[PDB]
Amino acid sequence: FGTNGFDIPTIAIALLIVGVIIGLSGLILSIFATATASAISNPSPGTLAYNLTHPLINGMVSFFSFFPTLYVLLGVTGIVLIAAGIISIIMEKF
Amino acid sequence: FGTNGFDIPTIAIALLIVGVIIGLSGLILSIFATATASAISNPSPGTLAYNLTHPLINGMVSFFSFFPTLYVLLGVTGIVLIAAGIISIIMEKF
Amino acid sequence: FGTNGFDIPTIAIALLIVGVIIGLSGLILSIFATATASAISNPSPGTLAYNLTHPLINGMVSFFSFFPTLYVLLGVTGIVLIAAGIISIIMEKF
Amino acid sequence: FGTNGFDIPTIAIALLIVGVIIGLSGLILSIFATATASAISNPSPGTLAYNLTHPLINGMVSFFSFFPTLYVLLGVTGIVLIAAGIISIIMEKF
Amino acid sequence: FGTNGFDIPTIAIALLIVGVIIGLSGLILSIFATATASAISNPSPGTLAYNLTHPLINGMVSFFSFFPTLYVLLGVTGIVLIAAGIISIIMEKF
Amino acid sequence: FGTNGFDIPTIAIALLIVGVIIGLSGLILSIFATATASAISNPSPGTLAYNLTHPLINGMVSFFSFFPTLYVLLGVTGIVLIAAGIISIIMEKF
Amino acid sequence: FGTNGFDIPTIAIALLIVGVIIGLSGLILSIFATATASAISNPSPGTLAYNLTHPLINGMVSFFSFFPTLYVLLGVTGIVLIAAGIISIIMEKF
């Protein structure tokens, strides 16, 4: 059901695959992050361990705050792909 | 029943296939998402685990909100295909 | 019973085939959709699972609402085919 | 009584076989589950054995709740098979 | 009594065979289902055994409710076969 | 009763096997966990044995709390398998 | 009186044999069980011998309660055998 490489069943299957993969990734990351939160303690505000450990958790927080826009762009890509497919169909179907 | 590659039985079969595939995808994704919702907990509003986990679920929500327009465009494609078929029939049937 | 490729028995058989195929497709899709409706539940209006699942069912609804016009155009195609047959007969029968 | 591989007696025999197998499976599973229910006890709500045992029975309940939709899809498959048989007969019987 | 492969005695014999096979299948399934009904008990509405056993009987009920339409389609197939035979006779008997 | 490797009797038998295996596993684990609960005692809240033993039972509790989602995913896998079977049948049965 | 291996006299003789064997088994088991009931006594509800002996008689009761469905299935088998014989006769007698 298509012209050259655009196949609606294939597109649906690809959407399925990316959806389940993203769900799994969120699941695994949340489960692991719970263990991370449990493991690390809060020694004190001003002793050696605080100086030793605080920037690491800061980097954790920053990277994980970067994740959302990555996911948003990844979502945007699919609309572009389906659009190029529609345009390609229209170009030489007539 | 056609001219070159436009076959009404083939079109009906393709519509059947895409329909059942989309139904399956929705089914599997909903079943998996229920498990995802069950697995992840809500630690607290302001502790380490919240900072560690919140953006992930935000990305989940965003991507899944992108799904609907993908499905809509995928639906639009079929009208274009059947239209090109009709036009191609009319062009050289007379 | 025809001139070159227009055969009234063949047309009748093709109409039979497309009719039964469309009936089957409707049957199978309805039977599957009943199972889909049974499987998915309604968690709550505002919790995580709702955010995770609602757009999927929205896409389901949209695509299935696109089906009717596809069927209508598919029906329209046959009148065009029989018309081209009639015109072709008249052109060189005299 | 058929064309290539579609045989109504064979289909009837296959329906018989799947029916009796499913009946047996239900019988054996129920008989075993009764013994499971008898064996496991309820120690107390909050002691060590409860923490040790509760998630296991939760997993039991979840999987067994997944069974019904599996059976429903398995039932749906047969209509598809008989339908493909009918279509195949019609295609080249005429 | 026929042309190529359509034989009225053969058709009558095939109808006989499918009829007796279907009667046997119904007989055996009913006899077995009576034993199934006798074997399984009703423990209680809310204890462990109920959670363990209820979905199994639900799947039983669903599949057995799917049987009727299977039988109906199986019956429909024979009219198609005899029809193709009649058409084939008429095509080249004259 | 199938096309290449999808066999409804085989699927039913596989469902039977996985069901009984899971029931057995739950049974054996619960029976063993009862013995574990009986064996270990509660020395005191703050003496040497408490420091020596508490994290072990904590790990016990955590792993056994991980079991349920494992079972849920294991259940989800079967719907995917039966779905791929249905799709494969539909693809080349017509 | 048959075709290949189906012999009505042989079937009647087999029915005779299974009937008398089952009658004998019931007779011997009842006679032995009477002696078992006579031999074992009822020491007391709560002393050592009760703890030592009660589960044994519980297992006795359970197994003997399992017997009936075994007999029922054994009875069901014969209808299947005679049915396969009838079908085999019909298949190639014509």
# chains A, B, ... in the order shown; residues from 1 in each chain; ligands from 1
>>> interface_residues(of="chain A", to="chain B", cutoff="7 Å", atoms="only C-alpha atoms", output="PyMOL selection string")
chain A and resi 1+9+12+16+20+26-27+30+33-34+37+61+64-65+67-68+71-72+75+79+86+93-94
>>> select_by_dssp(residues="chain B", states="helix (DSSP H, G or I)", output="PyMOL selection string")
chain B and resi 8-39+48-93
>>> atom_distance(atom1="atom CA of residue G:45", atom2="atom CA of residue D:38")
22.0 Å
>>> atom_distance(atom1="atom CA of residue D:42", atom2="atom CA of residue F:31")
11.8 Å
>>> atom_distance(atom1="atom CA of residue C:23", atom2="atom CA of residue A:89")
29.1 Å
